[PDB]
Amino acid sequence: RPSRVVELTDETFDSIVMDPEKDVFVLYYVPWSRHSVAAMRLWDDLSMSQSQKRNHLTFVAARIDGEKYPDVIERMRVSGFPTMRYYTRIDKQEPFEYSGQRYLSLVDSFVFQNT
């Protein structure tokens, strides 16, 4: 699909997610799960939707493979997959957790409400 999602690693995670000029919505996934696959597609679509909205220069959709980077899953206190947390410009230490249904319109509305 079209995507502008950034694939993180343990080396690049803080530089992208904790950037104070960006509002960064992170998907933590494991690739062998169908639910995480679904969430990956949603994240591609979220990246494209946000690229056409007013916050396109500050919003970043990013993802990290928790099987490949269990260090990050431990450091960020993620306890299952998929997990979606929004690390806004000012709120890097108490990100907003998305627990709603996994459809683009609802995730776009959570972005707008929490930015």
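One rule holds for the numbers: they count along the sequence shown, beginning at 1.
Problem - Mean C-alpha B-factor comparison - 42 to 50 and 67 to 75, higher one - result: 67 to 75 has the higher mean C-alpha B-factor.
Practice task
Check where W32 lands among this chain's C-alpha B-factors and tell me if it's the lowest, middle or highest third.
Solution key: Its C-alpha B-factor, which the entry lists for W32, ranks in the highest third among residues of this chain.
Exercise for the section: Ordered by C-alpha B-factor within the chain, which third holds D19? Give me lowest, middle or highest, please. Expected result: Highest third of the chain for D19's C-alpha B-factor.
Practice task
Rank-wise, by C-alpha B-factor, drop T83 into the lowest, middle or highest third of its chain.
Solution key: According to the entry, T83 has a C-alpha B-factor in the chain's lowest third.
Exercise for the section: Using the B-factors in the PDB entry, rank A62's C-alpha atom against the chain and give the third, lowest, middle or highest. Expected result: Lowest third of the chain for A62's C-alpha B-factor.
Exercise for the section: Relative to the other modelled residues of the same chain, rank the CA B-factor of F96 and answer lowest, middle or highest third. Expected result: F96: CA B-factor falls in the middle third of its chain.
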